[PDB]
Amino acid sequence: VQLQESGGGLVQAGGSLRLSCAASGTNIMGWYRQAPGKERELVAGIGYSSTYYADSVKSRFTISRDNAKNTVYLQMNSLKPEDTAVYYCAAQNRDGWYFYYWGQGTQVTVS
């Protein structure tokens, strides 16, 4: 399988940004986040258009997927200085409750 992410950069304090994650190979999916120094955290998750959001991103971040194009989105609205990190989209292992598939991901830093 293959996972390629895009979108992300520097955004004005309080702005918005849409991250993307395309699956170019062969399905619960989600987005992860790792701030400098801090450990990983599952920010958002899509699956059975069912969603799982984190508490720090609820009502601000939105997850979506285009089952036609096989791309998972992440609409980061009302950003805060604490949302700065590298974002890794992940897919589900064919039959397990694993993740297995990850990508390099892009980094976002809000001022």
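Throughout, we count residues from 1 along the sequence that is shown.
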* Asked: When you step from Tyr48 to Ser49 in this entry, do you jump over none, 1 to 3, 4 to 9, or 10 or more residues of the deposited sequence that have no coordinates?
  -> 1 to 3
* Taking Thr26 and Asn27 as adjacent modelled residues, how many residues of the deposited sequence between them have no coordinates (none, 1 to 3, 4 to 9, 10 or more)? -> 4 to 9
* **Between the two ranges 78-86 and 39-47, the one averaging a larger CA B factor in the entry** => 78-86
* Asked: Lowest, middle or highest third of the chain for the C-alpha temperature factor of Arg60?
  -> highest
* Going by what the PDB entry lists, where does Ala22 fall on CA B-factor within its chain: lowest, middle or highest third? -> middle
